[PDB]
Every structure is written in C-alpha cells, then in structure tokens.
Amino acid sequence: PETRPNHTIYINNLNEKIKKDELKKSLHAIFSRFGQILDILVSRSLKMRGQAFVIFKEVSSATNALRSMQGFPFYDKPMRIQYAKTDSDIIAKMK
RNA sequence: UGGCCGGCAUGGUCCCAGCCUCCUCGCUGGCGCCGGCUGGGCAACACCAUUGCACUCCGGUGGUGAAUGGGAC
Ligand SMILES: [Ba+2]
Ligand SMILES: [Ba+2]
C-alpha cells in the first residue's frame, strides 16, 4: 500500500558509486527549487546505500518535488521517489 | 619491505629522465632473480553482493604477484 504525503521524500535507485558529500550536494542542486530544504540524509551502508531522504520544510514542496522529478535521470539512473513512511526527527522536533 | 627471514646474483658514488605503489606519492621512497612466514585496514581504489525506510559509525574480497633507461666521475 502506497505511502501518505510527508515532509520528507524518500528517493532510491540512486547511483551507489557517488560519495555521500557530493550526492547530498547534487541532490540539493536539483531539489532546492521545490522549497526550503531542512536537510538531506544519505548513507552508503549496505542497507541504506542507493537511497536518500530529502527533507522539505513544507509538505507541498515534497509533493511538488515528488510529482515533478519522478523518473528523473540522475547520475545515469532514473530517480525513484516516494513519501517517507514516517516523519524525520527534524520535523518531529516541531510538528 | 606493510613486519620477517632464507637462496642466488651483483664493482662504487653521484646527475637527469621515465616508471611504480592499499599500508609514511615523492626528489635524504622504490624500480637484480627466487622461495617462505606474517600484521593492519576498508581510508582511497577495484571487484563481488545489495533496490534497500533511515534519523547510531558500521557488507565482503582484492592489490608490492609492483616499476627502466641514460649520463658524470
Ligand atoms: Ba611504498
Ligand atoms: Ba567498503
């Protein structure tokens, strides 16, 4: 069953050969236009590699970003996007 | 040589260039032949495995089984 709208968009199918720092930067390069970004979390661990959590301030930003960038060719791969299952702490720490 | 040893071979010291490397990337490192013993680390790099929902850093294996010429005394 799909996920409900969230402040954070979960992206996967990312190019696993990109260093964390760079990846966080690049992502910001293409997602910033959708709205303020509280943070982007990336990990290259066995379980978390190839995915990312972009955390937008306003749910609409994520939503917009979701519908707009779905399937976007990034580092030679089609970016897959969804809403995160739950709220990232940064967001909890408020609403 | 990342630590360690054994065989053999080989006049010496400099100078310039080239080249090499997971473990002090460069001019007060190294760049004959052969065999065996062993430590560290995934930091980089490669390869294998992975499509994975986090907010705790964290899969595995591999490399040195490396690299030549010239010139001054
Ligand atoms: Ba060396
Ligand atoms: Ba690794």
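Things worth noting here:
- The residue pairs whose first member lies in segment A:63-78 and is under 15 Å from A:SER26 (Cβ atoms), whose second member is of a type in the set (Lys, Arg) and assigned to a helix (DSSP H, G or I), and whose beta carbons are closer than 9 Å, counting only pairs six or more residues apart or on different chains, are A:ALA65/A:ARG33.
- Scanning segment A:1-37 for residues that are of a type in the set (A, V, I, L, M, F, W, C), surrounded by 12 or more Cβ atoms within 10 Å (Cβ to Cβ) and either more than 19 Å from A:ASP89 (Cα to Cα) or within 10 Å of RNA strand B (Cβ to nearest atom) (or both) returns A:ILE9, A:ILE11, A:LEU14, A:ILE18, A:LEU23, A:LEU27, A:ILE30, A:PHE31, A:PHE34.
- Filtering segment A:1-59 to residues that are assigned to a helix (DSSP H, G or I), in contact (Cβ under 8 Å) with a residue 24 or more places away in the chain and among the hydrophobic types (A, V, I, L, M, F, W, C) leaves A:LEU23, A:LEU27, A:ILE30, A:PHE31, A:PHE34, A:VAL59.
- Condition check for A:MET48: over 14 Å from A:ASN6 (Cα atoms) and either among the aromatic types (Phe, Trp, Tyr) or crowded, with 16+ Cβ neighbours inside 10 Å (or both): no
- Test: A:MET94 is more than 8 Å from RNA strand B (Cβ to nearest atom) and in contact (Cβ under 8 Å) with a residue 24 or more places away in the chain: no
- In segment A:70-87, the residues that are touching a helix residue (DSSP H, G or I) at 6+ places or on another chain (Cβ under 7 Å) and more than 15 Å from A:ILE18 (Cβ to Cβ): A:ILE81, A:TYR83
- The single condition among (1) surrounded by fewer than 14 Cβ atoms within 10 Å (Cβ to Cβ); (2) within 13 Å of the chain's Cα centre (by Cα); (3) not hydrophobic (A, V, I, L, M, F, W, C) that A:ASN64 does not satisfy is (1).
Bear in mind that the values in this text are calculations on the coordinates, not laboratory data. For neighbour counting, all protein chains shown are included, and Cβ atoms are generated from backbone atoms with ideal geometry for every residue, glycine included.
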